[PDB]
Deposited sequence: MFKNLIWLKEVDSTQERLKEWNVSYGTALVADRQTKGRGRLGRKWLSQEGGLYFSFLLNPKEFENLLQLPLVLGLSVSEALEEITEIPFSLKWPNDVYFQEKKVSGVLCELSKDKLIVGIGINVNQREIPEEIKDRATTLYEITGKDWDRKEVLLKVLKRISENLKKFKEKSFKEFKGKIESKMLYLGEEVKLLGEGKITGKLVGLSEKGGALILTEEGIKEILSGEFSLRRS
C-alpha cells in the first residue's frame, strides 16, 4: 500500500522527479499542476522485476483507475487500449509506464476539477467536473485510486493477468467495433479482444492479427 505522499503545489513533472530523486516504494509524488488548476497528477515506483509485461501493466493500472473513479462518482468508465481511461469518446485519465535505468516509474494524470476544456480537445478530453457537474476532493480521489492500484497490483502479482483480462475487455472502447491502426493503413478490422499477453486482437480480412503497440480509432 502507499504509506507516504509528497504533495507539490507545482512541479515540472512528477515522472521526471522520480527519475531524479530516490523515493522509496510506497511513496506517491503528487502535484496539483505540472509546468511542462483542478487536475491531479502523481507518480510512483514499482519493482521492474515484478511487472515485466508493460502491455498488461498499464491496462491493469487503467482498470484500477476506472474502478476507483466509478466507486467515487458512480460513473462507469472505459479503457482505451493500451493505456488511457475514457468516458465515452473523451479521455479523463492517462497512464504511463516508463522504464528508466533501474526504475519502473508509473505516471497517472486524472482530470478532476478543471473548468475550462480547450476547443481543440473538447472532443477528445473531459473531466470529472464536466461529467458530473460537481467538484471532487482531489486527495480523496487520489487515496481511492492508490488503494485500488494497491489491491489489483497485489492480486496481479499473486495470480496473473487472467484475473483482469476479461474485465479489461468488457471496458475496452471500440471492442467489437471496426477499427484501424493510426498511421498503418494496412491493419484494419474488428477489435475482438486481447491476446493472453495483452496485445490487441484485430480480425482482419486475412484472419486475426495481434497488435503490440500503436493507437486505434474507429473506421
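- Residues 37-48, 232-233 of the deposited sequence, counted from 1, carry no C-alpha coordinates in the model.
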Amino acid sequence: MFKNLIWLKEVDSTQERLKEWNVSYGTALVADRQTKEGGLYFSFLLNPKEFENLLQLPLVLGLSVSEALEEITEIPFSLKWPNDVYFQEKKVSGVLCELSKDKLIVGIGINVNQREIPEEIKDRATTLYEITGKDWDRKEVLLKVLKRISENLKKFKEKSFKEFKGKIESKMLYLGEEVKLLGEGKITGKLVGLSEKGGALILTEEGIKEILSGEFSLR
From here on, numbers count along this sequence of modelled residues.
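- Mean C-alpha B-factor is higher over 152-160 than over the other stretch, the pair under comparison being 152-160 and 58-66.
- Averaged over Cα atoms, the B-factor as recorded in the entry is higher for 91-99 than for the other of 91-99 and 105-113.
- Per the deposited coordinates, the residue with the largest Cα temperature factor out of 138, 144, 124, 134 is 124.
- Per the PDB record, residue ranking by Cα B-factor puts residue 27 in the middle third of the chain.
- Looking at the C-alpha B-factors along this chain, the one for residue 40 belongs to the lowest third.
- Among all modelled residues in its chain, residue 46 ranks in the middle third by Cα B-factor.
- Residue 203: CA B factor in the middle third of modelled residues in this chain (values from the PDB entry).
- When the modelled residues of the chain are ordered by C-alpha B-factor, residue 171 sits in the lowest third.
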